[PDB]
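Two forms, one protein chain; structure tokens for each follow separately as structure 1 and structure 2.
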Structure 1
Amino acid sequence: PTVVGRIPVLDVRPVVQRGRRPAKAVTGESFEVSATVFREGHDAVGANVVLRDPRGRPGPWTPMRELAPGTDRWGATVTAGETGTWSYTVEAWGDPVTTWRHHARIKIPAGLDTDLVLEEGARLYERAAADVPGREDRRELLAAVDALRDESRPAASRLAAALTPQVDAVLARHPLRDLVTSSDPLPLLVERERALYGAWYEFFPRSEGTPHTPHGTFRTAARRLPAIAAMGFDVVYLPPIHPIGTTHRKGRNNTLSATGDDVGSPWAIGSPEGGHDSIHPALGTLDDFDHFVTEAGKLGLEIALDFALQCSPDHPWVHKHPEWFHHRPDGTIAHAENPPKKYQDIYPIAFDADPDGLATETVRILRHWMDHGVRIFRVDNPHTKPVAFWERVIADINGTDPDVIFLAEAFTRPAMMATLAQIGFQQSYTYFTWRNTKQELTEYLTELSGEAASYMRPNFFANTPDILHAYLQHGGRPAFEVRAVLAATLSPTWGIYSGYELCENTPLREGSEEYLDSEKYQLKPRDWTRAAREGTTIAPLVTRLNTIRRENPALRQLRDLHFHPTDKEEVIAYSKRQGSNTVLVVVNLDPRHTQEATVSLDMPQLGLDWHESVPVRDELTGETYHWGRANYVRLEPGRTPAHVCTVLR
């Protein structure tokens, strides 16, 4: 048996790890299936994509087209439906009718063997009709056959009868396919909308306390939820909610020794009060948590818990499962590290003595929180645990609970970042915060929206508690407005960490991406009411961006994204499209100086002619404009970061 079929179909894409891991999509997401297809000789080929759902039912007739002349690369868009494991194949075939038409349209007007040519056509349309299931449709073709064979009409008339729009339509839906050859099926994992699309908000419950009780509880923290929902977020991500170790607890500003009532780092998990399946006592009880989750749920907010597979020296695991740690010759366990960062308050897990016990316990813990309504987990530093461990854990959980979403916080090298997504992580943190110039953004988003979109779904946090980028530090509020627009419009999932709205941008020191007085090591109460009254919050802009996202399907997908050229280095322009919805964004990346630019739109990329001019509405202001192949923009930092326009019909 041969590797290549009768009509060659090769290199079907997308493909992940040569077909051993599934490509990814979510419900309603479109993406391109492509292949290299050609045949021997000079005649025509056709091709089509067969997408099969988890029960094996094929989707609609989905013909492909050659994507560029002379390349033999064919593609078609398919759209993912219900969640589950799908498969797709590419079918290739000889296309004799197209070939016959090409020749017939030439030889008949030249009077060359017209009777032979027309009879050959009749025979083709007959074979075509044989496979047409609808009775009026076969009759349409047989009428063409009979007209083709009618020697009493002029040849040109005989041919025209085979080329009518009604014949074309039957053949469009039921073409005559010679020597149909199929690729081997490739797997597709379709997951729920939220895996691709959502707005995230991170905050520390303990910071939302009272004058009398500064350490917030789930009961008090629940008060922030309406404000978070009102800003248009969908997911609330909480730092670890478990007891915190006392041994080597870190003090304020990441100092080595905690003093007094210092609350320590939430990531330093575990004490006699309990481990990863328990609640920090100052946060309250499990019932309080349930209350928080229920209240979050009523406002359209899902909870994402941090899962940080590591232990303070006081975690129960240290004595219950010593073999889950690497011990030095004197029995001590070296603290964890992420060079040059040091985590003196914690132990790393060792995986090679009892990998099974660790997997069993990990999925037990996850299922515990899942039983209490948590269907999303933000996994802390997954790249310092074995890759196959996450592969196994995620497969175990999604096997029983496929809706659970895992988000990889892996700020590391590209191979590891990609592999984690490929072995099952639904979402990935990305290099976004370190992409701030037009070139960086353009290059990086081209990567994320390109081939990588086949296994990775990016979550654009404009800040995190560990990342206050120099761009925000130097740019102030105008920089925050810019990054929110970018994050919100370039990825269907974005997030901010509480305080971003207030443009908090004081670094620990010059050259650091840490916050001064970081919330990681201390309660950080915020005057939300005053900022609202004094207009010193960009919460309304954040709110508008999420509203715009909620109203424009184009911003709820990733793969359709195109950058349009501008004549200023500081001004970036791009469009995203989903069906009839087109959003075009123009952003001034300069947070300090007004920039004027001409934006030259790739009109055909927008589905338009070059001379054409179209109505747009700037969704940030309500202004209406008419934009064409060359558009003037003037963006003044502080007054306006960007135009976020929808194309009006």
Structure 2
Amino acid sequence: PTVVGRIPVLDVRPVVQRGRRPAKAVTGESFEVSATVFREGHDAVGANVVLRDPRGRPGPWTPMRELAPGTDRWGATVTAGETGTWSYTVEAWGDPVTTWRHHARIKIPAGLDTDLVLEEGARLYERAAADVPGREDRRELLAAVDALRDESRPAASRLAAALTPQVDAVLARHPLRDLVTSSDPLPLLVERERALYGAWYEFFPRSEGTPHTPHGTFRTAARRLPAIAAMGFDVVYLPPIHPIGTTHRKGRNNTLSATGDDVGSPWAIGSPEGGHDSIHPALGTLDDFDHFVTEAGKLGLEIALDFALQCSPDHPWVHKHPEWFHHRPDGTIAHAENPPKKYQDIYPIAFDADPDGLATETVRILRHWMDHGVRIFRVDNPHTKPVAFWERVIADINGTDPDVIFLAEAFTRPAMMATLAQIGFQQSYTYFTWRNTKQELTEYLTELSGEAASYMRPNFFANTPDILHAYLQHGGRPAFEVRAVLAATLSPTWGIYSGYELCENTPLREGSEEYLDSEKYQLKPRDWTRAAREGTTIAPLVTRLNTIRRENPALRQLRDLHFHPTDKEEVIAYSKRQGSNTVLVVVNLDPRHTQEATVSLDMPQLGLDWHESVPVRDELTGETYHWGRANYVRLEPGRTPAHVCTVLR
């Protein structure tokens, strides 16, 4: 009982944890299945990929090619359809027609064994014809058999008849396959399209108040949705919406002690008004939330709720479930840290005393918000909770509600970010904000779209309430434009935190990535109408970007991405493709200085010969340009951060 089959087929990728967790995909996504495929001796091998939908049904005949000569690595692109658990195998086989055609091309003109090789071809095309099921496809192949056998013709003419394109036609359709060897099935999990594609917008409802009641409510915040929808966003992510604690409530600018009307951080979940299943009374009731969810849905927006599995000391859990916390010998509970940060206002959950209780409560809490229209959750700080916990929770929820998308806010070491993705988290936050040079971007994106894409889906938020990167601080408005062009086109999921559009870039101090006067500890009213009137918002650019994404399916995917070399360190170029769609992007990473460069396009990667002109259209400017293997660009920051171009039919 051998491990290797008749024709070796080994290391079928994609693979997640040696095959005991599923590789990932979404409806309509293309990705490449691959395998090492070879045989003993010198004869030709073929390989093909077999996709199975969740019922057993196989996909189209999908043949593979050797991906680089002499490597015996083969690949083919396959595409997932209906959501569910799929499977895929690679089949390998002896390819006798390629083997024979190769030998007949040398032996027949050399006059070697011409009578034997031609009868070999007759017998073998006859065999190819026994499986071809079309009467026309059959009779075509069998004519070549007779032409091979016609001794009244020169051998060169008899052989020629087995290589006419009408024979390659019938043969490409129904190939003759010897010694068919299958790999073991590998699991694929196909999820709804939002798992991979979508633009996210984060805002605090409490900041969208009125002059007479400054603390916003769901009813006042619902009026901010039209602006957000108009910018072309699909998901609206809310920070925790529940009662905020008062004990050790932080004051403005992350000061330890609050004051009389300091609002405190929404992540300090819990107070005697309720816990994670309740609404913060200054936002309104559970019906105010439904109104919000409904108004969001009407505009085409999906609500994503923040799940922070933690408590403020006033959460009812603190006394209702003391065993969900770790108490020091004096009975106090150390406040949470994500060092060097201190979270004095909240308690970390301990998991080893009553793991069943936390599991049951977590899914109850989540099913509660599920019942009210929440189908997406931004999981706060998952890497401080056990990995097997999220695995079990995501399984419970998805076993009944497979459409529920979880996003992992895991800024941490590469191991944990990867593991959390592989155990269930549909999307992941990334290091995107700390990749700002051409080389950092190229490296990270080469990886995220490389092998990582079989278990991770990146959500490129260009800012969060906790990350005001120095690139944006020092670059001003042209920095905010470049980073949005970058996030919206390098990932099929990107996002911004409210105030990005207004280019809010004042840090708490220098060397800090915190915001001065951070929204986390204060209401942050913003004059959206003034900013729009005065043109001091890049909301126009954010909108056209999500427009480009919605008209260009190349931008709705991640794995098909290629960087093109340019002769300036500050100028990056790259293209993505989906079928006939080819988007092509050139960004000036200098926020401060005009750059000009030669972008030397890798023409075959766009599907073109080395010398062809390319009709492109700069979807930001609407202008049209004619490019070739080398192209002069000039990008003036403030005027034009980048060209975002579709190739024209």
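In this text, the rigid core denotes the largest set of C-alpha atoms whose superposition between the two forms falls within 1.5 Å. Structure 1's sequence is the ruler for residue numbers, which start at 1.
Among the candidates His280, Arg249, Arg378, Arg158, the CA atom that moves 2 angstroms or more between structures 1 and 2 after core superposition belongs to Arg158 alone. Put the two forms on the same core and the Cα of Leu112 is off by 2 Å or more between structures 1 and 2. Core-superposed comparison between structures 1 and 2: CA of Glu302 displaced by less than 2 Å. In this overlay on the rigid core, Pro133 has a C-alpha that sits 2 Å or more away from its partner position between structures 1 and 2. Per-residue C-alpha deviation between structures 1 and 2, core superposed: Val167, 2.3 Å. On the core-superposed pair, the CA position of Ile349 changes by 0.2 Å between structures 1 and 2.
Superposed on the core, the two forms differ at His102, whose C-alpha moves 1.3 Å between structures 1 and 2.
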